[PDB]
Amino acid sequence: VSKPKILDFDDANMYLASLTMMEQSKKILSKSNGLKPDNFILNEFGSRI
Amino acid sequence: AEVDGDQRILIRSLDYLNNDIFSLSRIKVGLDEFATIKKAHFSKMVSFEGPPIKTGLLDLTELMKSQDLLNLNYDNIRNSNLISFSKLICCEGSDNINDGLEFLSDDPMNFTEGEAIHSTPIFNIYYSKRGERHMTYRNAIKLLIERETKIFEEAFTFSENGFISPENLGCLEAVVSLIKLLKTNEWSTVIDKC
Amino acid sequence: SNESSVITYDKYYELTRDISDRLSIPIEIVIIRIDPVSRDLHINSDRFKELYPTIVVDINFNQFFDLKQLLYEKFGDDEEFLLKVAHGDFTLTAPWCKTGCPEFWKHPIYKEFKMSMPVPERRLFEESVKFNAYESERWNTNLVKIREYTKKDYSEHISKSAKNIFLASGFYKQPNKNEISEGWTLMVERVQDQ
Amino acid sequence: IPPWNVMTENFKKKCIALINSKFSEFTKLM
Amino acid sequence: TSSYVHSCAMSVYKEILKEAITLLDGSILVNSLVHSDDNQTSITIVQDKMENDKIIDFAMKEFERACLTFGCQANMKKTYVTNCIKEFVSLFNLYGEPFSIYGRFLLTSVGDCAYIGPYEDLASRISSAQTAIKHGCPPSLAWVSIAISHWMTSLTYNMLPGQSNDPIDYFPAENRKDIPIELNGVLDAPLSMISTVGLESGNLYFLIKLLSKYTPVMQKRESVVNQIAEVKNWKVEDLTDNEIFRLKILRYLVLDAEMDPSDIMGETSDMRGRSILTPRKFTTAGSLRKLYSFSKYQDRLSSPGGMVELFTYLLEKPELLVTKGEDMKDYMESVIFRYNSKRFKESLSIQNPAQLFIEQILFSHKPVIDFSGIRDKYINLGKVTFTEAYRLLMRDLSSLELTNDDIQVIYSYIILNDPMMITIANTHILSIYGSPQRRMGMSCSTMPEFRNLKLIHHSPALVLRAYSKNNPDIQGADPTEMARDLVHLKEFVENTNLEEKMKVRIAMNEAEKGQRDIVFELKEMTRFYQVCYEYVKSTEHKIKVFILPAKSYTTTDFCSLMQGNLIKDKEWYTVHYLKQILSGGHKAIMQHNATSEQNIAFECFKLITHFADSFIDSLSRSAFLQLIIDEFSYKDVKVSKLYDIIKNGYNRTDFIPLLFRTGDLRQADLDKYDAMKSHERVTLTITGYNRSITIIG
Amino acid sequence: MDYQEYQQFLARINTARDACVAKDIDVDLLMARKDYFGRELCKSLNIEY
Amino acid sequence: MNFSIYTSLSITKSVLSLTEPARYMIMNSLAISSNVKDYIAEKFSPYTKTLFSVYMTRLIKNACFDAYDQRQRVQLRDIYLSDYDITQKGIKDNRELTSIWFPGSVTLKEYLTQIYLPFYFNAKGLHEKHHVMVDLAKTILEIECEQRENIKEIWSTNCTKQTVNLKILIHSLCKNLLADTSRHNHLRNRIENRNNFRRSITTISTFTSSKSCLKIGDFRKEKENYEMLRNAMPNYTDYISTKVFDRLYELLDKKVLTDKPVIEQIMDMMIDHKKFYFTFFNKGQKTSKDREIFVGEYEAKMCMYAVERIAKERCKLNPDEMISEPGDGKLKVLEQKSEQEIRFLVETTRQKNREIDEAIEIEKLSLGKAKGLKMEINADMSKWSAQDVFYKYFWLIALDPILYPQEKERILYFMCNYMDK
RNA sequence: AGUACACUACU
RNA sequence: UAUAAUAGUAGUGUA
Ligand SMILES: [Mg+2]
Ligand SMILES: [Zn+2]
């Protein structure tokens with residue numbers, strides 16, 4: 001029968017885990033690719049934007 | 001019956017009535033009547049091209065092409081900047097500021113007065129009302145000249161004595177000679193005019 | 001609408017056609033109509049449009065609409081003004097059905113609705129259903145009667161709240177941290193239960 | 001002075017740049 | 001009905017509040033706006049007796065009670081009270097200033113589409129950008145939305161740079177902005193054009209660039225019609241390869257080879273489609289069993305000679321191919337015929353955008369293009385891919401030639417036809433940008449009508465119904481108006497030669513196949529009547545309101561506000577035009593005439609007079625005016641010519657002071673001015689213009 | 001269209017208190033709309049008004 | 001970018017349960033008078049299956065308190081009253097409000113954008129039919145059961161829920177109908193002309209579309225698990241769904257409907273059609289809970305079309321009714337009303353305080369002067385269609401002066417039969 | 001996978 | 001005199 005299992009949103013440990021996950025994602029994903037972007041949107045509408 | 005109904009307006013009648021009036025856009029055809037030309041926004045004044053108009057130290061053509069100094073509000077003209085007025089300089093031997101400035105309007109302007117409304121969200125309303133006699137174009141230009149020029153003089157006293165001192169004067173001839181011998185730049189022009 | 005334009009064109013053409021032949025000059029009637037709300041031009045003559053290949057009328061009928069709106073707001077309540085500015089008379093088209101519905105008075109829903117109402121309201125409803133505006137001398141003699149009947153209770157109810165304005169202390173449902181915290185506690189309890 | 005401090009510095013810098021691209025005591029002497 | 005009862009309840013609420021404030025000797029204004037179930041009540045109260053808290057509590061309690069007294073109930077959980085912010089239906093009004101969350105429209109830039117081809121999806125997605133632009137979207141974020149729409153379409157059809165269907169290496173173009181939109185290019189035009197003309201700004205902007213580059217210098221600051229007249233002078237030898245390619249596309253793929261520069265009444269861009277490379281979808285038929293009308297259609301199909309009666313009935317009564325029938329017999333036959341189209345039959349079957357999206361992703365490398373029709377657009381195989389289609393198109397246009405006659409045809413049939421296109425081209429050519437200022441107070445203003453002149457009095461459906469027959473008098477029609485509308489429609493048909501072209505095409509296919517192809521004749525008749533319907537189409541009367549830095553009342557003011565609002569994100573500019581942008585004319589007629597410069601003279605001398613008496617001393621005003629008249633020029637035109645225009649005109653009464661100061665008054669302007677200003681004057685002696693009455697008694 | 005006429009009409013609307021003169025004000029407003037339109041059309045066509 | 005990476009790729013209902021309630025919670029916190037506590041206690045139902053949902057819940061919880069703390073940081077631009085129009089209007093652009101989803105300061109326009117945009121991050125069609133069907137059936141039957149059990153009285157005076165004050169209703173209806181029908185003399189002709197009442201039924205767009213409509217009859221052959229359902233349900237009413245245009249084709253082909261004027265056929269069907277059937281399904285919207293959508297048959301569509309058009313042509317004359325206003329013009333109407341209120345406030349305050357202003361050019365004088373107040377009751381109605389007293393509408397039909405007694409009788413008979421749907 | 005109010009696309 | 005018009009399909013916003 002059960003009930004919809006959801007994470008404890010007001011738990012201190014759960015919020016700390018979510019904050020740690022967001023911090024780790026920001027750490028990994030904020031680093032540059034080391035390559036010139038050169039994509040469709042840029043090359044085609046950079047002058048207008 | 002039939003009679004030659006008197007014409008409400010006669011050409012000689014208007015010629016005498018406008019003895020006091022020297023307004024190009026305003027005439028009084030009757031004793032109390034007034035024929036006027038509709039108003040147009042001054043942002044289009046840029047579209048005029050012609051030879052310079054040299055009246056004393058003032059170039060009216062540059063005033064037509066000017067954008068900052070054409071505002072009708074008195075406060076926006078009396079509180080403007082020297083760099084804007086520096087465009088209007090065609091002195092070529094004018095001894096006094098007033099002699100050059102006498103070629104500007106002496107009629108009162110409109111000024112924006114702001115008053116509070118005293119409501120739960122407090123806000124102020126600003127409306128344009130005709131100013132008193134002491135607020136004209138000439139007076140606003142005079143105040144602008146004197147307030148901004150003092151800020152330029154106190155800011156170019158390279159010599160200790162002051163702006164009028166012969167040593168500071170000598171530095172001035174040095175600077176203007178440098179800019180005349182150098183290629184013209186809008187920095188150079190604005191400094192020269194100021 | 002162009003209905004005035006066509007009748008004016010007909011009148012002018014009829015009155016001028018007998019004169020055109022006498023003076024050996026063709027009289028063309030040109031009716032230029034402009035739609036105030038969607039500003040478009042309808043010139044009837046094709047020869048006049050040939051004469052003027054381009055027409056650039058660029059005007060706006062908004063101030064007149066605003067003035068009419070203010071006038072109608074000022075005189076909206078007065079019925080004599082409304083009949084003064086009314087077009088024609090109240091009129092009904094042909095009936096959509098030649099016979100009524102006799103079983104409506106026997107429907108259980110209608111019986112419940114009627115018995116829910118007091119006797120005078122039942123009589124008012126029965127008289128209002130059977131009221132025919134076309135047959136009656138005045139179309140509003142039914143609405144006015146019921147309005148005057150109910151005006152006493154309506155005025156009493158309005159005056160009761162007008163008096164209630166003085167019975168209110170300055171304590172409305174303002175938001176603050178305490179209420180938000182209690183709501184959050186109740187929410188987390190409900191979520192944990194669910 | 002804040003209104004003219006930038007203008008004067010830019011004027012001097014551009015004059016230096018122009019005179020280089022082409023290729024105190026002074027006050028007391030005047 | 002529910003909203004009406006809600007309005008009655010809110011009126012009772014207004015009466016309660018007004019009586020209560022009358023008890024307090026104050027002033028109250030209540031403006032309730034009532035939708036189906038969303039209410040916006042605004043109350044302004046000025047009083048000195050009690051503080052605001054009691055009034056707020058009383059107003060809230062009365063709002064709840066007035067909602068309850070009429071059977072309704074306010075969701076006090078979602079009902080809130082604000083000093084400034086209004087929110088009626090997902091639309092805000094902060095303080096007299098409209099505000100809307102345009103971002104939602106931006107988020108629909110990658111939304112679903114019809115999935116018909118590279119161009120239709122791009123058009124559909126670009127609408128989310130124009131719709132976002134309408135709700136106060138800054139220029140840059142709208143350009144980002146357009147770019148994202150182009151990227152999404154290219155990714156859907158494998159058109160991104162480096163992919164298989166990239167057309168950059170197959171056309172004479174340096175970048176995909178050069179390739180036409182219908183040929184899988186990207187849109188390149190000002191944002192104001194994109195918002196106004198709606199995706200035709202590509203061809204319009206290309207032609208405007210050509211005009212700006214190749215017209216002579218002396219006719220370089222003139223109206224668009226004057227500059228289009230000088231196309232004959234042009235030298236087609238100097239045209240670049242990309243320009244020749246695009247002009248050939250416009251002359252052959254878009255227009256028809258039977259057009260001539262001498263044509264005086266041709267088709268407008270709204271009367272033709274822009275799709276060229278439309279992938280063909282091989283889809284399952286679907287069930288459609290449950291439909292009664294589909295069963296009847298199947299029975300008619302199985303019957304021998306059943307469909308020929310349907311088709312001949314449709315041909316005999318073609319007006320019900322673009323409109324609705326007036327009785328049951330027409331409606332039945334229309335439905336049975338509508339079953340014949342594959343698109344409608346696929347529409348009836350359940351469609352989810354995700355399945356179509358995945359299908360269009362998958363079926364891209366496969367041959368999906370029928371090049372037969374594309375070759376049929378120009379002079380006189382099977383399913384073909386995109387790349388081969390590009391190579392075939394370039395091979396076909398290589399043999400074709402371009403001449404000044406063809407460029408004249410292009411300019412006449414693309415720009416000179418629609419007054420709106422002429423106005424937009426003039427706005428782009430003659431724009432002058434003024435003082436930049438920050439957007440302080442925004443306002444809503446509706447889009448005006450660019451086609452003011454009207455020729456067809458009645459509705460398009462009635463005119464087509466009359467034209468199918470030859471009877472001006474039809475149910476609900478005025479015989480004289482119908483007669484003149486039919487005259488205009490017949491004149492248009494004979495001028496643009498639609499009937500002759502249709503007859504020639506059907507005759508050619510008759511000779512080719514050898515048997516009468518009735519369905520092709522129905523298709524040709526449908527196209528012809530669609531063109532006729534688009535021609536008459538008196539007014540759309542669409543309600544398009546834009547959020548602009550000011551209020552626009554006229555067409556030129558609206559164009560100026562749109563051009564100033566959509567160039568920079570930080571500020572908006574004041575735009576004025578060198579010459580009269582508007583061109584009075586009809587939708588499908590060439591405009592070879594240019595408007596006079598009277599308004600230029602009016603603006604010039606109003607400016608001179610007011611500038612002189614506002615910023616010049618009284619004594620020097622006359623000398624300044626004389627000097628300006630003698631040696632100045634306003635908007636490339638000498639002011640002396642403008643004064644001559646005003647003097648030699650019928651509007652010398654608006655400039656009485658200016659005329660009087662420079663002689664030229666003549667007493668006649670006095671007479672006209674007083675005659676216009678004259679009215680019936682009462683005192684008994686009632687006086688008016690040469691009419692005086694005096695009653696003694 | 002002229003502003004002075006605008007305040008004139010606004011003032012005569014505000015001072016009106018009888019329904020017998022509001023009809024006259026409405027008629028005068030309609031005639032003012034036609035005269036504005038006729039004058040502007042004559043200006044556009046460059047013909048005498 | 002950290003916030004956007006998670007929201008852009010959120011394809012679950014966990015963020016759907018948070019995006020929509022944020023509007024109500026934060027806006028009620030920022031408002032003057034609001035029952036934010038009631039909304040949080042009884043309606044806010046977070047569904048946090050992911051860590052990002054937990055993070056966003058804390059963000060919303062903090063934003064509620066901050067929004068309460070910063071409702072005094074909203075200022076107004078100086079209104080430049082030209083007297084012919086209003087320029088330089090609105091709310092000042094000062095970055096003092098705290099941002100919600102990420103650290104930083106935002107303008108009030110940016111604050112409203114941050115409040116309201118997240119709702120559009122949701123994905124349509126995220127629901128499952130299996131569960132939403134049951135949820136919608138549960139809520140509909142729950143409301144119906146509550147109405148059956150508790151609600152017994154139709155007319156009251158002390159403002160009981162789901163009850164109407166009879167006298168006030170009748171008097172207000174009389175006044176409003178009088179004013180509206182006095183505004184336009186030819187209202188009946190306008191109803192007939194625009195809604196195409198005198199023309200054929202085939203000329204009406206809503207009767208010839210390809211949207212779904214209901215058919216009642218022994219359609220077991222086409223639908224054929226249905227067999228087990230028919231065998232296990234004695235009182236099973238067989239139904240099918242079809243297109244509107246196909247339904248019209250079937251009705252015309254069987255001579256049920258003719259090419260006579262549509263209004264006469266509508267009035268005849270208002271009697272000949274006694275029992276109305278409706279089915280329902282899920283809209284598939286982007287909210288946390290889906291919305292029930294109801295499909296009726298063709299005859300109900302015709303009668304409802306007649307009634308709705310009769311009401312619409314009167315709503316067009318009411319300045320306070322806004323459905324009749326063409327779309328996206330409601331923003332223009334809001335703007336016009338706002339400009340009127342700013343002008344009314346300015347003029348009334350300047351005129352009333354004229355004596356005090358003259359006296360000033362004093363603190364007691366400043367206190368004594370009248371003070372303006374502006375209030376905006378943005379409001380939603382709870383269960384507009386469910387918890388509504390239908391009987392009041394009878395009066396709107398009974399008091400209508402543009403209807404003949406036979407037309408009133410037929411319309412009221414249709415409404416009575418509709419009440420037994 | 002409905003009622004209404006729109007706007008935009010394609011034939 | 002602020003009122004007559006409305007093809008099919010698809011998408012979007014709104015209640
Ligand atoms: Mg609301
Ligand atoms: Zn000098």
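Residues numbered from 1 in each chain as written, not as in the entry; some residues may be left out. Chains lettered and ligands numbered in written order. Part of a larger assembly, values for the part shown. Heavy atoms only, no water.

Structure determination for this entry, per the PDB record, employed cryo-EM and reached 3.3 Å resolution.

This deposition appears in the PDB under the title "La Crosse virus polymerase at transcription early-elongation stage".

For chain C, the name recorded in the PDB entry is RNA-directed RNA polymerase L, with Bunyavirus La Crosse as its organism.

Trainee: Could you give an account of the packing of helix α7 (residues 201-214) of chain E against helix α17 (residues 404-414) of chain E, with specific residues and numbers?
Mentor: Residues and elements named next belong to chain E. At their nearest, the axes of α7 and α17 sit 11 Å apart, and the two run at 130° to each other. On the basis of their axis angle, the class for α7 and α17 is oblique. Crossing geometry of α7 relative to α17 is assigned as left-handed. Residues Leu207, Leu210 and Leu211 of α7 lie in contact with α17, whose contacting residues are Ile410, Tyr411 and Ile414. A class-by-class count of the residues in the contact of α7 with α17 yields six nonpolar, no polar and no charged. (Axes fitted to C-alpha atoms, helices over the stretch in contact; angles between N-to-C directions. Helix = DSSP H or I, 4+ residues; strand = E, 2+ residues; numbered from the N terminus. Parallel < 35°, antiparallel > 145°, perpendicular 65-115°, else oblique. Left-handed = near helix turned anticlockwise from the far one by under 90°. Contact = heavy atoms within 4.5 Å. Nonpolar A, V, L, I, M, F, W, Y, C, P; charged D, E, K, R; others polar.)

Trainee: Got a sec to walk through the pairing of strand β2 (residues 38-47) of chain E? Specific residues and values, please.
Mentor: For a regular strand, side chains alternate in direction, first toward one face of the sheet and then toward the other. Residues and elements named next belong to chain E. Extensive coverage of β2 is indicated by the burial of nine of its ten residues. Bridging between strand β1 (residues 27-34) and β2 involves eight bridges; their strand directions are antiparallel. Its bridge partner being in β2, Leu33 is matched across the sheet by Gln40. Taken together, β1 and the strand that follows it, β2, pair antiparallel across an intervening segment of three residues. (Buried < 20%, exposed > 50% of the residue type's maximum accessible area, 1.4 Å probe, protein only. Pairing = 2+ DSSP bridges.)

Trainee: Lay out the nonpolar core in plain terms, naming residues and giving numbers.
Mentor: Core analysis: the biggest nonpolar cluster contains 170 residues, and C:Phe125, E:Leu489, G:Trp155 and G:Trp395 have the highest contact counts within it. Excluding its chain neighbours within four sequence positions, the residues that come into contact with G:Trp395 are C:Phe113, C:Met117, C:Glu121, C:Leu124, C:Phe125, G:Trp155, G:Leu166, G:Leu169, G:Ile170 and G:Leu173. Core analysis: the second largest hydrophobic core is formed by 76 residues, E:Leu204, E:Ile407, E:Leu416 and E:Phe546 among them. (Core = buried A, V, L, I, M, F, W, Y, C linked by side-chain atoms within 4.5 Å.)

Trainee: Residues and numbers for the pattern of salt bridges, please.
Mentor: Scanning the entire structure with this criterion turns up 86 salt bridges over all chains. Salt-bridge contacts for B:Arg133 lead to B:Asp106; the nearest nitrogen and oxygen are separated by 2.8 Å. With B:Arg133 in the loop between β7 (124-130) and α6 (137-153) and B:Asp106 in the loop between α5 (97-101) and β6 (110-116), this pair connects stretches of sequence that are 27 residues apart. One salt bridge connects E:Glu97 with G:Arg77, and the closest N-O pair in it is separated by 2.9 Å. Placement of the pair is E:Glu97 in the loop between β5 (92-93) and β6 (98-99) and G:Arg77 in the loop between α4 (51-69) and β1 (79-81), with the two residues belonging to separate chains. (Salt bridge = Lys/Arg side-chain N within 4 Å of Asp/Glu carboxyl O.)

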